[PDB]
């Protein structure tokens, strides 16, 4: 049993991951940007080196899961000061800590680093494909790619031991609605309130249920390979177009699509994210159990409970 730090530990993936790691008997400190009522929790703004160093003055960590971030492509454009300071300077503070202390780190990147690539998003597309294939389309995507490069330069210069993960389209319990969240919680919250929402038809995604993904994220402790990078998401065969996902939300809520406005495609948005999960299947026992239809049913149920509907 390891001592583990989860930054962004009060977020959506963070909350789920902290619970998964604790269920495995790890000792886990959750750190995030606000005070909470949680146990084994500490506020630390990762932009502030003093507050990052204070996390490490208490105890030694074997593993650090670094999720602390400004999340979302349009959040990143609208709040870019917070984005760059948190996602990049915060990551560099974590790397300076890792170079001093020698913990193992799991860096949270994003499938947004593949840009608008139309082919199979294998991890080696960010190695052997022409650079123009994956040009990042928004500041958020660039912060995650800069993070990856900084992790590799730290490894080269100081022998730091880091695994990078590229999460994909995660949904499920502990993801609150806001207008800056992804499509699934937008669709569910709006459908639950009979409020109109837009479907941009011309795109496809693979959605991953958070309970599955954090199982895989937690498996990195059991087979940690310094220098590696993994796409972590659902299954290649779970790819759907956006109307298919909307129709699953509406069916689980029990209404038709009269509240839906159909548009052809969202500008400046990736068309398709056709992921390859073969490396996670190989090294991390990746084996997701909850496909979109069942996952959306569970997420509708959780939001009804959470919002006291």
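Positions refer to the first chain, counted from 1.
**Prompt:** When the C-alpha temperature factors are averaged for each of 48-56 and 251-259, which stretch ends up with the higher value in the entry?
**Reply:** Result: 251-259.
**Item:** 70-78 set against 190-198, stretch whose average Cα temperature factor tops the other in the entry
**Value:** The entry gives the higher C-alpha B-factor average to 190-198.
**Request:** Name the third of the chain's ranked CA B-factors that contains residue 146, choosing lowest, middle or highest.
**Result:** As the PDB entry reports it, the C-alpha B-factor of residue 146 lands in the lowest third of its chain.
**Asked** In terms of the CA temperature factor given in the entry, to which third of its chain does residue 291 belong: lowest, middle or highest?
**Response** Within its chain, residue 291 is a highest-third residue by C-alpha B-factor, going by the deposited values.
**Record-listed C-alpha B factor of residue 240: chain third** = For residue 240, the deposited C-alpha B-factor lands in the middle third.
**Ranked C-alpha temperature factor of residue 271 among modelled chain residues, by third** = As the PDB entry reports it, the C-alpha B-factor of residue 271 lands in the lowest third of its chain.
**Item:** Chain thirds of CA B-factor: placement of residue 158
**Value:** Answer is highest: the recorded C-alpha B-factor places it there.
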